[PDB]
>>> print(open('model_1.cif').read())   # mmCIF, C-alpha atoms
data_entry
loop_
_atom_site.label_atom_id
_atom_site.label_comp_id
_atom_site.auth_asym_id
_atom_site.auth_seq_id
_atom_site.Cartn_x
_atom_site.Cartn_y
_atom_site.Cartn_z
CA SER P 1 91.26 129.20 62.46
CA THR P 2 91.63 130.37 66.05
CA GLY P 3 89.45 131.68 68.87
CA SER P 4 90.09 133.78 71.95
CA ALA P 5 87.63 134.47 74.77
CA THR P 6 87.90 136.11 78.16
CA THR P 7 86.99 134.03 81.19
CA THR P 8 85.79 135.77 84.35
CA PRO P 9 85.45 134.62 87.98
CA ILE P 10 81.81 134.26 89.06
CA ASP P 11 82.51 135.72 92.49
CA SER P 12 85.13 137.20 94.78
CA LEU P 13 86.52 133.76 95.69
CA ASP P 14 87.10 132.49 92.14
CA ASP P 15 84.63 129.68 92.84
CA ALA P 16 84.32 129.11 89.09
CA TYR P 17 84.89 130.95 85.83
CA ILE P 18 82.44 131.86 83.09
CA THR P 19 83.13 132.42 79.41
CA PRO P 20 80.65 133.87 76.91
CA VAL P 21 79.52 131.48 74.18
CA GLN P 22 77.39 132.27 71.13
CA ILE P 23 74.76 129.61 70.33
CA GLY P 24 72.36 129.63 67.40
CA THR P 25 71.24 132.04 64.72
CA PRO P 26 70.80 134.81 65.58
CA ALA P 27 73.35 134.38 68.33
CA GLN P 28 72.16 133.66 71.85
CA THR P 29 75.01 134.42 74.24
CA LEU P 30 75.25 132.25 77.35
CA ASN P 31 77.93 132.31 80.03
CA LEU P 32 79.31 128.80 80.35
CA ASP P 33 81.71 127.10 82.74
CA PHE P 34 84.54 125.66 80.62
CA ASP P 35 85.28 122.31 82.22
CA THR P 36 88.33 120.25 81.23
CA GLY P 37 87.03 117.51 83.54
CA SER P 38 83.86 116.69 81.57
CA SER P 39 82.77 116.37 77.96
CA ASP P 40 79.19 117.64 77.65
CA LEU P 41 78.15 121.08 76.44
CA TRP P 42 74.85 121.66 78.21
CA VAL P 43 72.73 124.74 78.77
CA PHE P 44 69.81 126.09 80.72
CA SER P 45 67.05 126.34 78.15
CA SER P 46 63.41 127.03 77.38
CA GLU P 47 62.88 123.34 78.20
CA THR P 48 64.29 123.55 81.73
CA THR P 49 61.71 122.98 84.48
CA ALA P 50 60.62 126.52 85.31
CA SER P 51 61.00 126.17 89.09
CA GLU P 52 64.64 125.15 88.51
CA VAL P 53 65.58 128.35 86.69
CA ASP P 54 66.57 131.33 88.86
CA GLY P 55 68.27 134.14 86.96
CA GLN P 56 70.17 132.14 84.37
CA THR P 57 70.11 133.07 80.70
CA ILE P 58 68.41 130.34 78.66
CA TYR P 59 68.92 128.92 75.19
CA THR P 60 65.66 128.82 73.22
CA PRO P 61 66.19 126.51 70.27
CA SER P 62 62.89 127.42 68.60
CA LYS P 63 64.29 130.94 68.08
CA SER P 64 67.40 129.65 66.31
CA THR P 65 67.09 129.05 62.58
CA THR P 66 70.06 126.68 62.67
CA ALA P 67 68.85 124.51 65.60
CA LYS P 68 67.84 120.94 64.82
CA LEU P 69 66.57 118.38 67.31
CA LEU P 70 68.92 115.41 67.48
CA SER P 71 66.16 112.84 67.33
CA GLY P 72 66.06 110.32 70.14
CA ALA P 73 69.13 111.66 71.93
CA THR P 74 69.19 112.21 75.68
CA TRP P 75 71.88 113.03 78.20
CA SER P 76 72.38 112.83 81.93
CA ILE P 77 75.46 113.73 83.95
CA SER P 78 76.69 113.92 87.55
CA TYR P 79 79.51 116.08 88.87
CA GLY P 80 82.12 115.83 91.61
CA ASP P 81 80.00 117.75 94.11
CA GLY P 82 76.99 115.54 93.52
CA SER P 83 75.20 118.04 91.31
CA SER P 84 73.52 116.77 88.15
CA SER P 85 71.51 117.69 85.08
CA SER P 86 69.78 115.95 82.19
CA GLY P 87 67.73 116.57 79.06
CA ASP P 88 67.57 116.28 75.28
CA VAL P 89 69.88 117.39 72.48
CA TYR P 90 70.00 119.83 69.59
CA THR P 91 72.69 120.51 67.07
CA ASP P 92 73.39 124.17 66.40
CA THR P 93 76.12 126.66 65.56
CA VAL P 94 78.40 127.45 68.50
CA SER P 95 81.10 130.12 68.54
CA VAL P 96 83.72 130.85 71.19
CA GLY P 97 85.82 133.96 70.84
CA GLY P 98 85.43 134.10 67.07
CA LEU P 99 85.85 130.36 66.45
CA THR P 100 82.76 128.73 64.97
CA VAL P 101 81.62 125.11 64.95
CA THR P 102 78.56 124.09 62.98
CA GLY P 103 76.57 121.02 64.02
CA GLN P 104 77.75 121.14 67.63
CA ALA P 105 75.71 119.03 70.03
CA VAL P 106 74.03 121.46 72.43
CA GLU P 107 72.52 119.53 75.30
CA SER P 108 69.37 121.23 76.53
CA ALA P 109 68.57 120.78 80.21
CA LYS P 110 65.13 119.58 81.19
CA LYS P 111 66.25 119.09 84.79
CA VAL P 112 69.06 120.56 86.90
CA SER P 113 69.90 119.99 90.55
CA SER P 114 69.63 122.59 93.29
CA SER P 115 73.29 123.63 93.07
CA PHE P 116 72.85 124.76 89.48
CA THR P 117 69.56 126.51 90.14
CA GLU P 118 71.11 128.42 93.03
CA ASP P 119 73.99 129.67 90.91
CA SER P 120 72.52 132.44 88.77
CA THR P 121 75.86 133.23 87.11
CA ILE P 122 76.39 129.89 85.31
CA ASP P 123 74.16 129.24 82.28
CA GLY P 124 75.68 125.81 81.61
CA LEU P 125 78.90 123.88 81.05
CA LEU P 126 81.24 123.48 78.07
CA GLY P 127 83.19 120.26 78.41
CA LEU P 128 86.78 120.05 77.24
CA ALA P 129 87.82 116.58 78.40
CA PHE P 130 87.95 113.75 75.86
CA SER P 131 84.81 112.94 73.88
CA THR P 132 84.82 109.38 75.26
CA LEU P 133 83.25 110.84 78.43
CA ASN P 134 80.34 112.47 76.59
CA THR P 135 77.02 111.26 78.03
CA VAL P 136 74.73 111.59 74.99
CA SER P 137 72.82 108.39 74.28
CA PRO P 138 72.41 106.41 72.10
CA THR P 139 74.96 108.22 69.92
CA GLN P 140 77.85 109.78 71.81
CA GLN P 141 78.70 113.32 70.72
CA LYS P 142 81.95 115.25 70.27
CA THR P 143 83.17 118.19 72.37
CA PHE P 144 83.50 121.68 70.94
CA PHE P 145 87.27 121.23 70.85
CA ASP P 146 87.04 117.86 69.12
CA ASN P 147 84.74 119.35 66.45
CA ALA P 148 86.96 122.43 65.97
CA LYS P 149 90.29 120.61 65.99
CA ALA P 150 90.79 119.93 62.30
CA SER P 151 90.10 123.58 61.46
CA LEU P 152 92.44 125.01 64.09
CA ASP P 153 95.85 126.39 63.16
CA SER P 154 97.27 124.02 65.80
CA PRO P 155 95.26 121.30 67.62
CA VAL P 156 95.48 122.98 71.04
CA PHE P 157 93.65 125.11 73.52
CA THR P 158 95.11 127.06 76.43
CA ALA P 159 93.76 128.03 79.84
CA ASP P 160 95.06 131.21 81.47
CA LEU P 161 92.90 131.67 84.56
CA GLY P 162 93.20 134.78 86.67
CA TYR P 163 93.49 135.17 90.41
CA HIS P 164 90.62 137.45 91.42
CA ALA P 165 90.75 138.73 87.82
CA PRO P 166 89.74 137.83 84.27
CA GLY P 167 91.78 135.46 82.13
CA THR P 168 91.68 133.85 78.72
CA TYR P 169 90.85 130.63 76.86
CA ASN P 170 92.54 130.44 73.46
CA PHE P 171 91.88 127.87 70.77
CA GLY P 172 94.29 126.98 68.01
CA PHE P 173 97.35 128.95 69.07
CA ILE P 174 99.79 129.55 71.90
CA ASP P 175 100.09 133.20 72.93
CA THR P 176 103.82 133.51 73.58
CA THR P 177 103.30 136.84 75.37
CA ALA P 178 101.05 135.24 78.01
CA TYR P 179 103.71 133.41 80.03
CA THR P 180 107.25 133.75 81.32
CA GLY P 181 110.13 131.37 80.69
CA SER P 182 109.41 128.20 78.75
CA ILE P 183 106.48 125.80 78.59
CA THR P 184 107.26 122.36 80.05
CA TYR P 185 105.31 119.55 78.46
CA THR P 186 104.36 116.35 80.22
CA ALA P 187 102.70 113.08 79.18
CA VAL P 188 98.95 112.55 79.30
CA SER P 189 96.95 109.38 79.75
CA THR P 190 93.53 109.51 78.09
CA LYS P 191 92.50 106.06 79.37
CA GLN P 192 89.99 107.51 81.85
CA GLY P 193 88.88 110.29 79.46
CA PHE P 194 90.60 113.07 81.40
CA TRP P 195 93.69 115.23 80.94
CA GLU P 196 95.51 112.93 83.33
CA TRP P 197 99.18 113.52 84.08
CA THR P 198 101.82 112.93 86.74
CA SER P 199 103.34 115.73 88.77
CA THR P 200 106.94 115.14 89.86
CA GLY P 201 106.48 116.42 93.40
CA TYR P 202 105.88 119.37 95.69
CA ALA P 203 107.22 121.92 98.14
CA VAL P 204 105.55 123.85 100.97
CA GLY P 205 106.59 127.49 101.24
CA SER P 206 110.36 127.82 101.16
CA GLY P 207 110.80 124.16 102.09
CA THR P 208 112.76 121.60 100.14
CA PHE P 209 111.15 119.93 97.15
CA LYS P 210 109.90 116.39 97.67
CA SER P 211 110.28 114.25 94.57
CA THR P 212 107.23 112.03 94.39
CA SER P 213 104.87 111.04 91.59
CA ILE P 214 101.37 112.47 91.94
CA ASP P 215 98.90 111.26 89.29
CA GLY P 216 96.04 113.66 88.77
CA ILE P 217 93.80 115.51 86.34
CA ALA P 218 94.02 119.05 85.01
CA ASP P 219 90.46 120.20 85.72
CA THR P 220 89.28 123.74 85.11
CA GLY P 221 85.84 122.74 86.39
CA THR P 222 87.05 122.01 89.91
CA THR P 223 87.66 124.98 92.21
CA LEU P 224 90.29 123.61 94.59
CA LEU P 225 93.47 121.56 94.58
CA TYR P 226 92.89 117.99 95.80
CA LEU P 227 96.01 116.02 96.68
CA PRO P 228 96.98 112.97 98.75
CA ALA P 229 96.38 113.23 102.50
CA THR P 230 100.12 113.06 103.26
CA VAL P 231 100.83 116.10 101.04
CA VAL P 232 97.88 118.08 102.37
CA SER P 233 98.80 117.36 105.99
CA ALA P 234 102.34 118.57 105.31
CA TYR P 235 100.99 121.81 103.87
CA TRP P 236 98.53 122.66 106.65
CA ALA P 237 101.04 121.73 109.36
CA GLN P 238 102.81 124.97 108.38
CA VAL P 239 99.75 127.10 109.24
CA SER P 240 99.25 127.82 112.95
CA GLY P 241 95.78 126.80 114.03
CA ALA P 242 94.88 124.90 110.85
CA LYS P 243 92.90 121.70 111.28
CA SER P 244 90.76 119.27 109.35
CA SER P 245 87.14 119.73 110.34
CA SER P 246 84.69 116.93 109.59
CA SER P 247 81.76 119.24 110.33
CA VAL P 248 82.93 121.79 107.78
CA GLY P 249 84.22 119.15 105.36
CA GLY P 250 87.92 119.85 105.07
CA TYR P 251 90.87 121.85 106.28
CA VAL P 252 90.10 125.23 107.80
CA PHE P 253 92.49 127.82 109.15
CA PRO P 254 92.39 131.08 111.09
CA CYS P 255 91.51 133.92 108.78
CA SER P 256 94.31 135.91 110.48
CA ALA P 257 96.95 133.53 109.04
CA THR P 258 99.44 134.29 106.32
CA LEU P 259 99.45 131.20 104.10
CA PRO P 260 102.62 129.68 102.66
CA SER P 261 102.95 129.05 98.95
CA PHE P 262 102.68 125.57 97.45
CA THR P 263 104.90 124.40 94.62
CA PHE P 264 104.11 121.52 92.27
CA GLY P 265 106.49 119.86 89.82
CA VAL P 266 106.02 119.51 86.09
CA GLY P 267 108.96 117.46 84.94
CA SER P 268 112.01 119.40 86.10
CA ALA P 269 110.00 122.64 86.18
CA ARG P 270 108.13 124.16 89.13
CA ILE P 271 104.84 126.03 89.38
CA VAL P 272 104.44 128.18 92.50
CA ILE P 273 100.94 128.77 93.88
CA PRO P 274 101.08 131.89 96.07
CA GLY P 275 99.64 131.49 99.54
CA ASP P 276 96.84 133.98 98.91
CA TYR P 277 95.48 131.66 96.15
CA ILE P 278 94.85 129.06 98.86
CA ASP P 279 92.49 131.30 100.90
CA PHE P 280 88.78 130.64 100.20
CA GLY P 281 87.49 132.92 102.88
CA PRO P 282 85.20 132.56 105.86
CA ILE P 283 83.39 129.24 106.20
CA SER P 284 80.23 131.25 106.78
CA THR P 285 79.56 134.99 106.72
CA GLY P 286 81.33 136.73 109.59
CA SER P 287 83.34 133.71 110.70
CA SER P 288 87.02 133.99 111.55
CA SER P 289 87.57 130.43 110.35
CA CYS P 290 88.54 130.27 106.66
CA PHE P 291 88.31 127.43 104.17
CA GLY P 292 91.50 126.07 102.66
CA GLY P 293 92.14 125.80 98.94
CA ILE P 294 94.23 122.64 99.26
CA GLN P 295 92.22 119.65 100.40
CA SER P 296 92.61 115.89 100.62
CA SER P 297 91.69 113.72 97.65
CA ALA P 298 91.24 110.69 99.90
CA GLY P 299 87.88 109.20 99.04
CA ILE P 300 87.64 111.05 95.72
CA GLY P 301 89.69 108.32 94.09
CA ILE P 302 91.79 110.72 92.04
CA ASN P 303 93.94 113.80 92.58
CA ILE P 304 92.61 116.99 91.01
CA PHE P 305 94.65 119.94 89.84
CA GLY P 306 91.76 122.37 89.92
CA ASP P 307 91.60 126.13 89.51
CA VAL P 308 93.78 126.82 92.58
CA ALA P 309 96.68 125.14 90.79
CA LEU P 310 95.84 125.96 87.20
CA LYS P 311 95.41 129.69 87.78
CA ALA P 312 99.09 129.82 88.85
CA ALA P 313 100.10 128.71 85.35
CA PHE P 314 99.63 129.13 81.65
CA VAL P 315 98.34 125.69 80.65
CA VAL P 316 98.44 124.11 77.19
CA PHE P 317 95.96 121.36 76.42
CA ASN P 318 97.65 119.76 73.43
CA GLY P 319 95.20 117.64 71.44
CA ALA P 320 97.71 116.28 68.96
CA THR P 321 97.47 112.59 68.01
CA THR P 322 99.31 111.85 71.25
CA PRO P 323 97.94 114.45 73.66
CA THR P 324 100.18 116.21 76.17
CA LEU P 325 99.90 119.01 78.73
CA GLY P 326 102.13 122.07 78.96
CA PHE P 327 102.67 124.32 81.97
CA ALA P 328 104.45 127.66 82.16
CA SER P 329 104.81 130.23 84.92
CA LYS P 330 103.27 133.63 84.19
#
>>> encode(input="model_1.cif", output="structure tokens")
Amino acid sequence: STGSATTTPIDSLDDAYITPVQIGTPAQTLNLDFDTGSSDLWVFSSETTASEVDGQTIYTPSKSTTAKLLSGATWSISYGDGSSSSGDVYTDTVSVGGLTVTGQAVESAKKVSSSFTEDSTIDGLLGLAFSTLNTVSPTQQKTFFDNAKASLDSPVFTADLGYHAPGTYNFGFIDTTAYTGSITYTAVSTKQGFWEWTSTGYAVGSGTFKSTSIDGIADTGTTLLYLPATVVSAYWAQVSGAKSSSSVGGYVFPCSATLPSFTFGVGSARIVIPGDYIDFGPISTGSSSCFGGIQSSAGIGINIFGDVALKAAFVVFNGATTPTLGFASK
């Protein structure tokens, strides 16, 4: 089997991407944030504290003839921005782009933090990291990909995120028309539960490439690119007026600037992030100070190849017995 679904930016800045997901019988379609940095599929639901729902579409398990309470199971998760959610668990039928999994754990939110409430466009998350990170207790549950894997034509999914435009998540096949040149594959460590890999270096604009190992995660659920302070300083030093602002919480730059590109290495290959991808717009409405899309990972504890980087590539998440990651230009 295979599946193919369009993923769409939630706003004009590509702050996140949503993908329609069918849950239950009859289908209830929710728009979920596909997140290769976590491993829980959770949804706003009829059980979510009413004051914490503001415009989201909810899953109502009592209206699904295939929903079954997973007795005794609870979940609770925190995210990189300090947002969180928790609740109980059902199993139900879940389909993404024509690909169906029966008995998928669907984690129903009883509580969500302010950040989720305030974002009316995201009805929940669909985790695509390794199932070892799944938070369901006392019996850990498998991700949608993990459940689908054996049925897929090939044990892979691909992320093709757009810049200010829709893109695609495919399951079970590699669309050879979706990228240019060849796909370069690179080793993955699953020891921390993430799609963790090592970039071979970077360049700023038309500058020379610096060969240096940068360990980080391929994370569709993170908006920006978080890299070591040395790398980030080198980038922003090429933008007149750019500075790190503690009050704003990162590098900012004059909105009148033309940003240089940023290149990252994948083995001997190179992915070029155009400068425009690094502009996240005014820090507040009407400001002429703009937020940068490359930020320091210092004090995160890990480097994160988020949407800013991933949207410059066609990315293969290869879930073979020994997982790997593939990157192609597009």
>>> residues_around(input="model_1.cif", residues="segment 226-229 of chain P", least_positions_apart="6", cutoff="12 Å", atoms="only C-alpha atoms", output="count of residues only")
40
>>> closest_residue(input="model_1.cif", among="P:60, P:220, P:186, P:38", to="residue 9 of chain P", atoms="only C-alpha atoms")
P:220
>>> closest_residue(input="model_1.cif", among="P:171, P:143, P:44, P:133", to="residue 159 of chain P", atoms="only C-alpha atoms")
P:171
>>> resolve_selection(input="model_1.cif", expression="the PyMOL selection byres ((chain P and resi 14) around 10)", output="list in words")
residues 8, 9, 10, 11, 12, 13, 15, 16, 17, 161, 162, 163, 164, 165, 166, 223, 224, 277, 280, 307, 308 and 311 of chain P
>>> write_last_selection(input="model_1.cif", atoms="C-alpha atoms", output="PDB file, in the coordinates of the input")
ATOM      1  CA  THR P   8      85.790 135.770  84.350  1.00  0.00           C
ATOM      2  CA  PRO P   9      85.450 134.620  87.980  1.00  0.00           C
ATOM      3  CA  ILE P  10      81.810 134.260  89.060  1.00  0.00           C
ATOM      4  CA  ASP P  11      82.510 135.720  92.490  1.00  0.00           C
ATOM      5  CA  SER P  12      85.130 137.200  94.780  1.00  0.00           C
ATOM      6  CA  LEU P  13      86.520 133.760  95.690  1.00  0.00           C
ATOM      7  CA  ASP P  15      84.630 129.680  92.840  1.00  0.00           C
ATOM      8  CA  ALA P  16      84.320 129.110  89.090  1.00  0.00           C
ATOM      9  CA  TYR P  17      84.890 130.950  85.830  1.00  0.00           C
ATOM     10  CA  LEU P 161      92.900 131.670  84.560  1.00  0.00           C
ATOM     11  CA  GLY P 162      93.200 134.780  86.670  1.00  0.00           C
ATOM     12  CA  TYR P 163      93.490 135.170  90.410  1.00  0.00           C
ATOM     13  CA  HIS P 164      90.620 137.450  91.420  1.00  0.00           C
ATOM     14  CA  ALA P 165      90.750 138.730  87.820  1.00  0.00           C
ATOM     15  CA  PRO P 166      89.740 137.830  84.270  1.00  0.00           C
ATOM     16  CA  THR P 223      87.660 124.980  92.210  1.00  0.00           C
ATOM     17  CA  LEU P 224      90.290 123.610  94.590  1.00  0.00           C
ATOM     18  CA  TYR P 277      95.480 131.660  96.150  1.00  0.00           C
ATOM     19  CA  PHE P 280      88.780 130.640 100.200  1.00  0.00           C
ATOM     20  CA  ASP P 307      91.600 126.130  89.510  1.00  0.00           C
ATOM     21  CA  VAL P 308      93.780 126.820  92.580  1.00  0.00           C
ATOM     22  CA  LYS P 311      95.410 129.690  87.780  1.00  0.00           C
TER      23      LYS P 311
END
>>> resolve_selection(input="model_1.cif", expression="the PyMOL selection byres ((chain P and resi 289) around 8)", output="VMD selection string")
chain P and resid 252 to 255 281 to 283 287 to 288 290 to 291
>>> resolve_selection(input="model_1.cif", expression="the PyMOL selection byres ((chain P and resi 121) around 7)", output="mmCIF file with C-alpha atoms, in the coordinates of the input")
data_model
loop_
_atom_site.group_PDB
_atom_site.id
_atom_site.type_symbol
_atom_site.label_atom_id
_atom_site.label_comp_id
_atom_site.auth_asym_id
_atom_site.auth_seq_id
_atom_site.Cartn_x
_atom_site.Cartn_y
_atom_site.Cartn_z
ATOM 1 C CA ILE P 10 81.810 134.260 89.060
ATOM 2 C CA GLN P 56 70.170 132.140 84.370
ATOM 3 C CA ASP P 119 73.990 129.670 90.910
ATOM 4 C CA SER P 120 72.520 132.440 88.770
ATOM 5 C CA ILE P 122 76.390 129.890 85.310
ATOM 6 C CA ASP P 123 74.160 129.240 82.280
#
>>> atom_distance(input="model_1.cif", atom1="atom CA of residue 187 of chain P", atom2="atom CA of residue 324 of chain P")
5.0 Å
>>> closest_residue(input="model_1.cif", among="P:128, P:108, P:249, P:323", to="residue 191 of chain P", atoms="all atoms listed in the file")
P:323
>>> residues_near_point(input="model_1.cif", point="(71.5, 117.9, 84.1)", cutoff="8 Å", atoms="only C-alpha atoms", output="NGL selection string")
:P and (42 or 75-78 or 84-87 or 109-113)
>>> atom_distance(input="model_1.cif", atom1="atom CA of residue 21 of chain P", atom2="atom CA of residue 106 of chain P")
11.6 Å
>>> residues_around(input="model_1.cif", residues="residue 3 of chain P", least_positions_apart="6", cutoff="6 Å", atoms="only C-alpha atoms", output="VMD selection string")
chain P and resid 97 to 99 170 to 171
>>> closest_residue(input="model_1.cif", among="P:233, P:211, P:247, P:190", to="residue 265 of chain P", atoms="all atoms listed in the file")
P:211
>>> atom_distance(input="model_1.cif", atom1="atom CA of residue 104 of chain P", atom2="atom CA of residue 144 of chain P")
6.7 Å
>>> residues_around(input="model_1.cif", residues="residue 145 of chain P", least_positions_apart="6", cutoff="12 Å", atoms="all atoms listed in the file", output="MDAnalysis selection string")
chainID P and resid 2:3 34:36 39:41 94:96 99:101 104:105 126:131 151:152 154:158 169:172 317:320
>>> axis_aligned_box(input="model_1.cif", around="segment 99-116 of chain P", padding_each_side="6 Å", output="JSON")
{"center_x": 75.5, "center_y": 124.7, "center_z": 78.1, "size_x": 32.7, "size_y": 23.3, "size_z": 42.3}
>>> closest_residue(input="model_1.cif", among="P:328, P:5, P:69, P:148", to="residue 177 of chain P", atoms="all atoms listed in the file")
P:328
>>> residues_around(input="model_1.cif", residues="residue 30 of chain P", least_positions_apart="3", cutoff="8 Å", atoms="only C-alpha atoms", output="list in words")
residues 20, 21, 22, 23, 57, 58, 59, 123 and 124 of chain P
>>> closest_residue(input="model_1.cif", among="P:321, P:28, P:90, P:168", to="residue 150 of chain P", atoms="all atoms listed in the file")
P:321
>>> residues_around(input="model_1.cif", residues="residue 24 of chain P", least_positions_apart="2", cutoff="8 Å", atoms="only C-alpha atoms", output="JSON, numbers by chain")
{"P": [22, 26, 27, 28, 61, 64, 65, 66, 67, 92, 93, 94]}
>>> residues_near_point(input="model_1.cif", point="(72.4, 115.5, 72.7)", cutoff="6 Å", atoms="only C-alpha atoms", output="list in words")
residues 73, 74, 88, 89, 90, 105, 107 and 136 of chain P
>>> build_atoms(input="model_1.cif", residues="segment 292-315 of chain P", atoms="N, CA and C atoms", output="CSV table (one decimal), in the frame of the given file")
chain,number,residue,atom,x,y,z
P,292,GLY,N,90.3,126.2,103.4
P,292,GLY,CA,91.5,126.1,102.7
P,292,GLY,C,91.3,125.7,101.2
P,293,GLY,N,92.2,126.1,100.4
P,293,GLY,CA,92.1,125.8,98.9
P,293,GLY,C,92.9,124.6,98.5
P,294,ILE,N,93.6,123.9,99.4
P,294,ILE,CA,94.2,122.6,99.3
P,294,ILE,C,93.5,121.7,100.2
P,295,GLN,N,93.0,120.6,99.6
P,295,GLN,CA,92.2,119.6,100.4
P,295,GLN,C,92.6,118.2,100.0
P,296,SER,N,92.3,117.3,100.9
P,296,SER,CA,92.6,115.9,100.6
P,296,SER,C,91.7,115.3,99.5
P,297,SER,N,92.4,114.5,98.7
P,297,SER,CA,91.7,113.7,97.6
P,297,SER,C,91.3,112.3,98.1
P,298,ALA,N,91.6,112.0,99.4
P,298,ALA,CA,91.2,110.7,99.9
P,298,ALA,C,89.7,110.5,99.8
P,299,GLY,N,89.3,109.4,99.2
P,299,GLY,CA,87.9,109.2,99.0
P,299,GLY,C,87.3,109.9,97.8
P,300,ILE,N,88.1,110.6,97.1
P,300,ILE,CA,87.6,111.0,95.7
P,300,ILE,C,88.0,109.9,94.8
P,301,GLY,N,89.2,109.4,95.0
P,301,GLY,CA,89.7,108.3,94.1
P,301,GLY,C,90.7,108.8,93.1
P,302,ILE,N,90.9,110.1,93.0
P,302,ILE,CA,91.8,110.7,92.0
P,302,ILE,C,92.3,112.1,92.6
P,303,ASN,N,93.5,112.5,92.2
P,303,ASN,CA,93.9,113.8,92.6
P,303,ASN,C,93.5,114.8,91.5
P,304,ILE,N,93.2,116.0,91.9
P,304,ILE,CA,92.6,117.0,91.0
P,304,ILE,C,93.4,118.3,91.1
P,305,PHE,N,94.0,118.6,90.0
P,305,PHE,CA,94.6,119.9,89.8
P,305,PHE,C,93.6,120.9,89.3
P,306,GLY,N,92.8,121.4,90.2
P,306,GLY,CA,91.8,122.4,89.9
P,306,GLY,C,92.2,123.8,89.8
P,307,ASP,N,91.3,124.7,89.8
P,307,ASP,CA,91.6,126.1,89.5
P,307,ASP,C,92.7,126.7,90.4
P,308,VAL,N,92.7,126.3,91.7
P,308,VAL,CA,93.8,126.8,92.6
P,308,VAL,C,95.2,126.6,92.0
P,309,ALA,N,95.4,125.4,91.4
P,309,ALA,CA,96.7,125.1,90.8
P,309,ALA,C,96.8,125.7,89.4
P,310,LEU,N,95.8,125.5,88.6
P,310,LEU,CA,95.8,126.0,87.2
P,310,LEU,C,96.0,127.5,87.0
P,311,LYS,N,95.4,128.2,87.9
P,311,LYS,CA,95.4,129.7,87.8
P,311,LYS,C,96.8,130.3,88.1
P,312,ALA,N,97.7,129.5,88.7
P,312,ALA,CA,99.1,129.8,88.8
P,312,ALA,C,99.9,129.6,87.6
P,313,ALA,N,99.3,129.1,86.5
P,313,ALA,CA,100.1,128.7,85.4
P,313,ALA,C,99.4,129.1,84.1
P,314,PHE,N,100.2,129.1,83.0
P,314,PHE,CA,99.6,129.1,81.6
P,314,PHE,C,99.6,127.7,81.2
P,315,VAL,N,98.5,127.1,80.9
P,315,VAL,CA,98.3,125.7,80.6
P,315,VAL,C,97.9,125.4,79.2
